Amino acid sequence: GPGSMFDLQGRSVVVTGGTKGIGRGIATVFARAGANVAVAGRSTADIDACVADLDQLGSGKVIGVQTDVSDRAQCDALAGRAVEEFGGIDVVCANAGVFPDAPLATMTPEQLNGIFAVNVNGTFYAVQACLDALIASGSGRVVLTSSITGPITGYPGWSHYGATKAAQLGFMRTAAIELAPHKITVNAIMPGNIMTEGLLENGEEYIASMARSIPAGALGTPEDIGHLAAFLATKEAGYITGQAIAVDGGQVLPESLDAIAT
């Protein structure tokens, strides 16, 4: 709220892939902070359920828009809806992303192009769609959901995924310069291993095993990502641009499992 540090009340936010997992975590934090939030996703049932919940969390308006981010024209439609309902857009959380696996030896052109269409083109298109509004904002913010996988780590089966997540940071490093005259910052979050509803389907033993490779000793939460996105979206983070920040409980630091202290 006004007079508080890190005020986001009445700030207008678009979150792609905002109905589940990390995206819902970002949308939730913004909603609690009093922001107007447009959540985009592919399933109208998931969108409506998310909107119903989030609208109750704070004084901002929350809307849902079915959007395939891989289609520039649908990204334009999403930006248009947010401008019509909120009067503007101050923050775009280009979060939509998928992570199917494909060994390099078998990965097909369809698999390669498909993951790029969502993860990279959807990032570009979301930003371009919102750019006019972000300019008009005067304190615009672009927050990309990248990953430790690609920019920092590797993981067999995800060479395409990592390529997309690094691509987002290459985009960032230029977009931060290109958009600086408009007072728009462009930053990224690299989540490590975050507990989601999907991951819980695998059961408690699988998660505990993953947690043993993390210095923090536990997986993070979707709100861990949302809280950083919220910080980056504040007026107080205005001199931060072009940064990729890992939210990973130290996952990338140990030289091997033997380097983990408990």
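Numbers follow the displayed sequence, beginning with 1.
- Annotation for 222-230 versus 39-47: the higher mean temperature factor (C-alpha) is found in 39-47.
- Stretches 78-86 and 171-179 differ in mean CA B factor, with 78-86 having the higher one.
- Residues shown: 26, 54, 69, 194. Highest C-alpha temperature factor in the entry: 54.
- Residue 31 sits in the middle third of its chain by CA B factor, as recorded in the PDB entry.
- Among all modelled residues in its chain, residue 211 ranks in the highest third by Cα B-factor.
- For residue 243, the recorded CA temperature factor ranks within the lowest third of the chain's modelled residues.
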